[PDB]
């Protein structure tokens, strides 16, 4: 639970609203109770010639990782606890992605009670649909409906 400098957070929020992404996903999984698991991700993308900027970001946030894919690189953070802490601090400064952040925070807090009632799980999956609805989603496959079809069994 580290506390970030407020000027760092204001600049970072602007950069995230622009080149970043707050992502919620339902991923198929045979070994889990409801055959699906959730994955939340904070993401900043940038051409690989500017990877250094993403490197500095790892050091500043103090967690996460950079990966390369083609001519582009990404800072990523999916680890639940640090993510919940980070977004909680960034959230008030976000303008375009404030809702996505809030939905992700809500999802994380409900994670525990979501792995019990199939009905509660679906509810949380609906929060996921809402994040995707807010994003510029274009290649999405697995939704809360997908989960339903599967639960009906």
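Positions refer to the first chain, counted from 1.
Look at the C-alpha B-factors of 139-147 and of 5-13. On average they run higher in 139-147. Stretches 57-65 and 120-128 differ in mean C-alpha B factor, with the higher average recorded for 120-128.
Of the candidates 41, 85, 46, 98, the PDB record gives 85 the highest C-alpha temperature factor. For residue 115, the recorded CA B-factor ranks within the highest third of the chain. Only modelled residues enter the ranking. When the CA B factors of the chain's modelled residues are split into thirds, the value for residue 30 lands in the highest one. Ranked against the other modelled residues of its chain, the C-alpha B-factor of residue 50 as given in the entry falls in the middle third.
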